[PDB]
Enquirer: 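Let me give you the structure first, and then I'll get to my questions.
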Amino acid sequence: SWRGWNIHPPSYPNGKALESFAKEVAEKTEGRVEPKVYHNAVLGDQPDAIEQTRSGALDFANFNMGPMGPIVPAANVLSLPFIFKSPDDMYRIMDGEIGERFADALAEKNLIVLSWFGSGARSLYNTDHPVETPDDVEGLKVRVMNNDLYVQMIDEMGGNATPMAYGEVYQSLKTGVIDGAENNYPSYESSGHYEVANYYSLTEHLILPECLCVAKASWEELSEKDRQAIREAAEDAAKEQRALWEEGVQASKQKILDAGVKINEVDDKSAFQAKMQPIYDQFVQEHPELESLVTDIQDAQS
Ligand SMILES: O=C(O)[C@H]1O[C@@H](O)[C@H](O)[C@@H](O)[C@@H]1O
């Protein structure tokens, strides 16, 4: 018996892929390993679940790499704004040697990465006006996930930020406690945020991988043959997740458009990116040992 964690609903692309993984694992191990996925963060918010998985209280999970940054230093590289040019670049990079360096870093903190899920690009949405240039972010209080890099990101754009659990964002928008947040289409849609924050502006400022990972303790207990089988199941599940993801993005977009959401491309994404320089400079000064990881990712997209 394995318990697994997903923050999203069962029908979200990630949810479907995880159920496929769970089935394939049970089938390939002849019932020796029987994973059960707990969706909707039933077993805790993301930071607490990461903790429970490191200690082996939870057996597997789909984590966004953003919240992984405060736990695994190398993972913070993935939260540098605009580090990836597109999700396709991110997939190519994460499926190759650079992705292995991230897996190595997570393993040191007791998480065994089996495959990488996509989460598109995250963009700003708010209740007040289209964002066309960085100066339009002035005056907006924007929710971010709990990584200091995201507060720095919003601050450099011109606004102000506040870290908050995903589950709380909807009501916080409804009550006016925050003016906006940022995410991909499927989250913006499935969470209901689009019902309150009607302006979605395509900053596409973060392209965050997500892992499908196992507690090191749970991993080590297995036979060698079952590890090989579960690794295969995870790879198949990620392939499925990425296919479901593309469809899901288009379906979510059409739904929010039909609902009257105002979507705008920004004037010039490079103007937002240029403002991020101090973030990169400070990062590589703090972490000289991670500088070559930053430059290797940048260089791999020329
Ligand atoms: O903004 C957030 O908290 C959420 O964003 C979504 O894109 C991620 O898939 C989910 O893991 C995060 O919890």
Side-chain angles (χ1 to χ4, degrees), residues 4-8 14 44-56 58 60-85 87 89-122 144-154 161 163 165-166 182-184 187 205-216 219 234 238 241 276 279-301:
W5 183 93
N6 176 29
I7 191 160
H8 298 283
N14 300 31
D45 182 31
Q46 194 142 197
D48 297 321
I50 287 171
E51 183 168 30
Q52 291 179 68
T53 306
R54 293 178 63 206
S55 72
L58 295 172
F60 70 105
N62 163 212
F63 295 131
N64 189 275
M65 292 297 269
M68 191 64 63
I71 298 152
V72 182
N76 276 307
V77 170
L78 300 173
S79 288
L80 291 165
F82 303 99
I83 195 165
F84 294 112
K85 291 184 180 180
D89 286 286
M90 175 277 299
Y91 289 140
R92 178 177 77 247
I93 287 164
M94 298 303 292
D95 288 338
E97 180 274 326
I98 289 173
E100 281 296 326
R101 288 184 229 178
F102 288 105
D104 285 349
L106 266 70
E108 144 171 290
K109 303 289 180 175
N110 279 353
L111 297 170
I112 308 304
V113 173
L114 302 188
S115 64
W116 303 107
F117 287 1
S119 73
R122 305 171 67 99
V144 293
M145 293 188 292
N146 196 26
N147 186 323
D148 289 352
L149 282 174
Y150 307 147
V151 176
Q152 206 180 4
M153 175 185 80
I154 297 298
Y166 184 49
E182 46 78 55
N183 225 311
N184 52 49
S187 285
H205 51 251
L206 289 161
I207 289 163
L208 285 166
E210 312 205 341
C211 61
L212 170 48
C213 69
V214 174
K216 182 181 290 207
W219 193 239
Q241 188 270 344
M276 310 293 96
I279 300 180
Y280 280 74
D281 294 349
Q282 167 189 335
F283 186 83
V284 299
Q285 293 171 28
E286 285 160 0
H287 297 110
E289 77 290 354
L290 293 179
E291 181 160 14
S292 73
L293 184 51
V294 178
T295 62
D296 286 347
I297 289 164
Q298 297 173 318
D299 290 354
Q301 304 173 79

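Only this structure's heavy atoms are used, side chains among them; waters, hydrogens and symmetry mates stay out. Counting from 1, the numbers follow the sequence of the chain as shown.
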Enquirer: Is atom CD of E286 surrounded by more than 12 heavy atoms (other residues, nucleotides or ligands) closer than 6.0 Å?
Expert: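 More than 12 within 6.0 Å, yes.
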Enquirer: Restricting to non-hydrogen atoms, name the atom on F84 and the atom on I207 that form the minimum distance, rounded to 0.1 Å.
Expert: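 Nearest pair, atom of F84 first, then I207: CD1-O, 3.3 Å.
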Enquirer: Would you compute the distance between atom CG of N14 and atom CZ of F63 and round it to the nearest 0.5 angstrom?
Expert: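 Separation between the atoms: 12.5 Å.
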Enquirer: How close do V144 and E182 get, heavy atom to heavy atom, and via which atoms?
Expert: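 Shortest heavy-atom separation between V144 and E182 comes out as CA-OE2, 4.3 Å.
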Enquirer: Please find the pair of heavy atoms, one from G66 and one from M145, that lie closest to each other, and give the distance.
Expert: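 Closest heavy-atom pair between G66 and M145: CA-CE, 4.4 Å.
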Enquirer: Between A49 and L58, which heavy-atom pair has the shortest distance, and what is it?
Expert: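 Where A49 meets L58 most closely, the heavy atoms are O-CD1, 3.8 Å.
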Enquirer: Name all pairs fulfilling the salt bridge (charged side-chain N to carboxylate O under 4.0 Å, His left out) condition that reach into residues 291-300, sequence neighbours left out, sorted by first residue then second.
Expert: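 For residues 291-300, and leaving out neighbouring residues, the salt bridge (charged side-chain N to carboxylate O under 4.0 Å, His left out) pairs sorted by first residue read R101-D296.
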Enquirer: So, taking the atom named NE2 in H8 and the one named CG in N62, what distance separates them when rounded to the nearest 0.5 Å?
Expert: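 These two atoms lie 6.5 Å from each other.
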Enquirer: Could you give the distance from CG (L293) to OG1 (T295), rounded to the nearest 0.5 Å?
Expert: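 The CG atom of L293 sits 8.0 Å away from the OG1 atom of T295.
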Enquirer: Nearest 0.5 Å, what's the CZ-OG distance between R122 and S187?
Expert: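 Rounded to the nearest 0.5 Å, the CZ-OG separation comes to 7.0 Å.
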Enquirer: Please assess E210 against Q241 for the test side-chain hydrogen bond (donor to acceptor under 3.5 Å, both in side chains), listing each intermediate value before the final yes or no.
Expert: CA-CA 11 Å; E210 312 205 341; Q241 188 270 344; over 6 Å; no
Enquirer: What are the two closest non-hydrogen atoms of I154 and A161, and how far apart are they?
Expert: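 Looking at all heavy atoms of both residues, the closest pair is CB-CB, 3.8 Å.
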Enquirer: Please output the side-chain donor-acceptor pairs of residues 104-117 that fall under 3.5 Å, not counting sequence neighbours, one pair per line with the distance.
Expert:
unit_1	atom_1	unit_2	atom_2	d
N110	ND2	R54	O	3.2
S115	OG	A234	O	2.9
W116	NE1	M94	O	3.2

Enquirer: Quick check for you: to the nearest 0.5 Å, what is the distance between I93 atom CD1 and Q298 atom CD?
Expert: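 Output value for this atom pair is 10.0 Å.
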Enquirer: When you look at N64 and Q46, which way does the side-chain hydrogen bond (donor to acceptor under 3.5 Å, both in side chains) test go after all the steps?
Expert: CA-CA 8 Å; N64 189 275; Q46 194 142 197; 5.8 Å; no
Enquirer: What is the distance from atom OG of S119 to atom CE of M90, rounded to the nearest 0.5 Å?
Expert: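 Going from OG on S119 over to CE on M90, the span is 6.5 Å.
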Enquirer: For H205 and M276, what are the C-alpha separation, side-chain angles and deciding distance, and is it a side-chain contact (heavy atoms from CB on, under 4.5 Å)?
Expert: CA-CA 10 Å; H205 51 251; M276 310 293 96; over 6 Å; no
Enquirer: Would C211 and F102 count as a side-chain contact (heavy atoms from CB on, under 4.5 Å) if you check the C-alpha gap in whole Å, the side-chain angles of each, and the deciding distance to 0.1 Å?
Expert: CA-CA 10 Å; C211 61; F102 288 105; over 6 Å; no
Enquirer: Are more than 12 heavy atoms, taken from residues, nucleotides or ligands other than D48, located less than 6.0 Å from that residue's CG atom?
Expert: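 Counting other residues, nucleotides and ligands, CG of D48 exceeds 12 neighbours.
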Enquirer: List, one per line, each side-chain donor-acceptor pair under 3.5 Å for residues 70-83, sequence neighbours excluded.
Expert:
unit_1	atom_1	unit_2	atom_2	d
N76	OD1	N147	ND2	3.0
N76	ND2	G69	O	2.8
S79	OG	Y150	OH	2.6

Enquirer: Is it the case that atom CD in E100 sees more than 12 heavy atoms from other parts of the structure closer than 6.0 Å?
Expert: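 12 or below, so no.
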